[PDB]
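Only this structure's heavy atoms are used, side chains among them; waters, hydrogens and symmetry mates stay out. Proteins come first, then strands; the chains are lettered A, B, ... in the order of their sequence lines, and each starts at number 1.
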Amino acid sequence: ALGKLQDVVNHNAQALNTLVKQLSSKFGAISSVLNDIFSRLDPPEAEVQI
Amino acid sequence: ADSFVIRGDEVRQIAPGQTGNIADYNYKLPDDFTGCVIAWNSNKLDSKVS
C-alpha cells in the first residue's frame with residue numbers, strides 16, 4: 001500500500017549504483033585503473049588515456 | 001641552443017618522457033617541452049684511427 005513512497009527510495013539507490021558502476025568502465029582505454037595507465041606506458045599517450 | 005655529442009642508438013633517448021642512461025643521468029628534457037631537436041652523423045670529424 002506504500003509503494004508510492006518506496007519508489008522514491010528505490011530511484012535514489014539505483015541512481016547512486018549506476019554512478020559507482022561508471023568507475024569500472026574503460027571508455028576505450030587500456031584499463032580502468034589509472035595508476036596502471038601511468039605505470040605502464042609513456043606520458044605522451046598517458047595524457048590521452050587520462 | 002644546447003649542443004652535445006652522443007652514441008648512435010641513444011639518439012632516441014633525447015625526447016620528452018624517455019627512459020635510459022642519457023635521459024636519467026646526463027640530459028633530461030621536461031615533459032612539457034616545446035622546441036626542436038636536430039641530430040646528424042659526424043663519423044668523419046669525431047673519429048680517430050687510434
S.K.: Are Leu19(A) and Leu23(A) connected in the hydrophobic side-chain network, where two residues link if heavy atoms are under 4.5 Å apart?
M.R.: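 No; tracing contacts between hydrophobic side chains, which count when under 4.5 Å, never links both residues.
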S.K.: Please answer: with hydrophobic residues joined when any side-chain heavy atoms are less than 4.5 Å apart, are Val33(A) and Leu41(A) in the same cluster?
M.R.: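 Unlinked, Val33(A) and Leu41(A) end up in two clusters.
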S.K.: Please say which of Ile22(B), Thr19(B), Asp24(B) ends up in a side chain to side chain contact (heavy atoms under 4.5 Å, CB included) with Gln13(B).
M.R.: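 Running side chain to side chain contact (heavy atoms under 4.5 Å, CB included) over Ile22(B), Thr19(B), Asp24(B) with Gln13(B) returns exactly one hit, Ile22(B).
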S.K.: If you compare all heavy atoms of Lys28(B) against all heavy atoms of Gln18(B), which two are closest, and at what distance to 0.1 Å?
M.R.: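 That would be NZ-O, 3.4 Å.
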S.K.: Measure across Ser32(A) and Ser24(A) and return the closest heavy-atom pair with its distance rounded to 0.1 Å.
M.R.: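 Nearest heavy atoms, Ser32(A) then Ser24(A): OG-CA, 3.4 Å.
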S.K.: For residues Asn26(B) and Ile6(B), determine if any side-chain heavy atom of one lies less than 4.5 Å from a side-chain heavy atom of the other.
M.R.: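 A side-chain contact is absent here, since even the closest heavy-atom pair is not under 4.5 Å.
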S.K.: Identify, with sequence neighbours excluded, every residue that meets side chain to side chain contact (heavy atoms under 4.5 Å, CB included) alongside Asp32(B).
M.R.: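 Per chain and number, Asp32(B) pairs via side chain to side chain contact (heavy atoms under 4.5 Å, CB included) with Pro30(B).
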S.K.: State the OG-CD1 distance between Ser3(B) and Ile38(B), to the nearest 0.5 angstrom.
M.R.: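 The CD1 atom of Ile38(B) is 11.5 Å from OG of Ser3(B), to the nearest 0.5 Å.
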S.K.: Taking atom CZ of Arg40(A) and atom CD of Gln49(A), what is their separation to the nearest 0.5 Å?
M.R.: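 Result: 14.0 Å between the selected atoms.
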S.K.: Of all heavy-atom pairs between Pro44(A) and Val48(A), which one has the smallest distance, and what is that distance?
M.R.: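 Nearest heavy atoms, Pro44(A) then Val48(A): O-CG2, 3.8 Å.
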S.K.: Let me confirm one number: the CG-CD distance from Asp42(A) to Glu47(A), rounded to the nearest 0.5 Å.
M.R.: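 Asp42(A) CG to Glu47(A) CD: 10.0 Å, rounded to 0.5 Å.
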S.K.: Just by distance, do the side chain of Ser31(A) and the backbone of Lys26(A) share a donor-acceptor pair under 3.5 Å?
M.R.: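 Not confirmed, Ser31(A) side chain does not pair with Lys26(A) backbone.
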S.K.: Under the ring pair (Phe, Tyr, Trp, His ring centres under 6.0 Å) definition, can you give me all pairs with a residue in residues 12-31 of chain B, not counting sequence neighbours?
M.R.: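 Checked against ring pair (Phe, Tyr, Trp, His ring centres under 6.0 Å) - neighbours excluded - the pairs reaching residues 12-31 of chain B are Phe4(B)-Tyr27(B).
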S.K.: When rounded to the nearest 0.5 angstrom, what distance separates CG in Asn10(A) from CG in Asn17(A)?
M.R.: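 That separation rounds to 10.5 Å.
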S.K.: Rounded at 0.5 Å granularity, tell me how far CD1 in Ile50(A) sits from CD in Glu45(A).
M.R.: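 With rounding to 0.5 Å, CD1 (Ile50(A)) is 11.0 Å from CD (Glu45(A)).
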S.K.: CD of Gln22(A) to CZ of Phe27(A): how many Å apart, nearest 0.5 Å?
M.R.: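 Nearest 0.5 Å value for the CD-CZ distance: 4.5 Å.
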